[PDB]
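Visitor: First residue of the first sequence? That's 148 in the authors' numbering, and the numbers climb one at a time after it. First the structure, which I've put down as structure tokens, then a few questions once you've had a look.
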Amino acid sequence: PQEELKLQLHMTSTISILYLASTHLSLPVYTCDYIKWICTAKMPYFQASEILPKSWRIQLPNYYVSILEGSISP
DNA sequence: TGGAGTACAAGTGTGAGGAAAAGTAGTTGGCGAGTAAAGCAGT
């Protein structure tokens, strides 16, 4: 319900839904072949809030823009 | 021959810890000179 929805999205989600598309396609890429392509600054997991939108940034509140960049690693 | 359970191995009930950017403080600092006349005191 839109009344107090509290949607559960994190940067751990956008890798997890990117891992499941790899096993339905039956790919040899894994979470060792994801954490080696994100912590080596290859696909934009880290620092995503700050450089990606460039026009949609400013009206987003402070705790929401905190979650969308690559804050920690999982 | 057949049970007391006591063990590890399965479960589900009970609130909180850590994350962080903008926004918000107490605090300095850095401003806007004459020639004349009449008056009523004066004595």
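Backbone N, C-alpha and C fix where the C-beta goes; we use that ideal spot for every residue, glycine too.
Taking 9 Å as the cut-off, decide whether the C-beta atoms of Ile214 and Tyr192 are in contact.
Guide: Not in contact: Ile214 and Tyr192 (Cβ atoms no closer than 9 Å).
Visitor: When you compare each of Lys153, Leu152, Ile182 to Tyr166 by their alpha carbons, which one comes out closest?
Guide: The shortest Cα separation from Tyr166 among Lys153, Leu152, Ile182 belongs to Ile182.
Visitor: Can you tell me which of the three DSSP states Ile198 falls into?
Guide: Coil, per DSSP.
Visitor: Could you give the first and the last residue of the continuous alpha helix (DSSP H) run that contains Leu167?
Guide: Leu167 -> alpha helix (DSSP H) spans 158-171.
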